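Presented below, as structure tokens, is a lone chain in the form deposited in one PDB entry.
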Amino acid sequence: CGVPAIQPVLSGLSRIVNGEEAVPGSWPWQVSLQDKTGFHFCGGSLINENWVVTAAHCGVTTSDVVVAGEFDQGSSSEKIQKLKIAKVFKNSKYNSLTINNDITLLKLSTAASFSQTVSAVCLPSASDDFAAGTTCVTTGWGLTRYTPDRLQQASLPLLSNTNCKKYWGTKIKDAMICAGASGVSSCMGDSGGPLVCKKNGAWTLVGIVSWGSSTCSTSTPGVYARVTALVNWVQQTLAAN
């Protein structure tokens, strides 16, 4: 997991304004969630050939579908895999008013076929520490909510929850983590999309997109579900099903 067959390239422009375009196929766990009509409404991450993780406020159902191996949403020429959803597992502790514990798992009807452009992100262990100030990366097609149709990427630093409350106040709970406010926006992340950090030569999922600045301000950070706080529920669900 976490070692793309096609290595990412991140330059100085990933750190300012709205980030930069990714090298095609270099984020191979990134998937798109689409409704029965093909409309993209959220993102997510592959964790093995049978399972995808996303946000609970996305409200996914078994009539939505997972699209793997995509780079350009406007192209019909690249190889992709459209995968049906057998069952949806929403975390029972999710709360639609506070948006805390914002995670859902999707079990696929038939496995994805892994390749150079389709493979899994690594999950953290519950006790991993990702320190404030660490440079991490968010990817997605989130800018298309307001524009480039190819996958974008931005490098931005994690914040402490105390510093995040200087921006968002009592909205910030223990199962959340924030990143950004460094001269770059967080809006390229789709709801439910990945925030990954590189440790020991492997990329690991640290956050899941929950919400960001309503004006995509370069001085307001994004808010993510904290995966370390939820990975135990993830592994219990996989083992029981």
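Only residues modelled in both forms are compared. The numbering used is simple: start at 1 and walk along the sequence shown. Under this definition, the rigid core comprises the largest set of C-alpha atoms superposing within 1.5 Å between the forms.
Keep in mind that the form deposited with a partner chain bound is missing from the display, and what follows is about it.
- Under a 4.5 angstroms non-hydrogen atom cutoff, its partner chain in the deposited complex has residue 212 among its neighbouring residues.
- In the deposited complex, its partner chain sits beyond 4.5 Å of every heavy atom of residue 196.
- Remark: residue 189 counts among the residues lining its partner chain in the deposited complex, judged by a heavy atom distance of 4.5 Å or less.
- Residue contact check for residue 227: none of its heavy atoms lie within 4.5 Å of its partner chain in the deposited complex.
- With the rigid core aligned between the shown form and the other one, only one of 127, 76, 170, 92 has a CA shift of 2 Å or more: 76.
- Comparing the forms between the shown form and the other one, the C-alpha position of residue 54 differs by less than 2 angstroms, with the core used for superposition.
- For residue 188, the Cα coordinates differ by 2 angstroms or more between the shown form and the other one after the core has been superposed.
- Inter-residue distance, residue 73 to residue 197 (Cα): reduced by at least 3 Å in the deposited complex versus the depicted form.
- Between residue 7 and residue 189, the Cα spacing is larger in the deposited complex than in the shown form, differing by no less than 3 Å.
- Taking the core as reference, several blocks of three or more adjacent residues between the shown form and the other one have all their Cα positions offset by 2 Å or more: 73 to 77, 143 to 146, 183 to 189.
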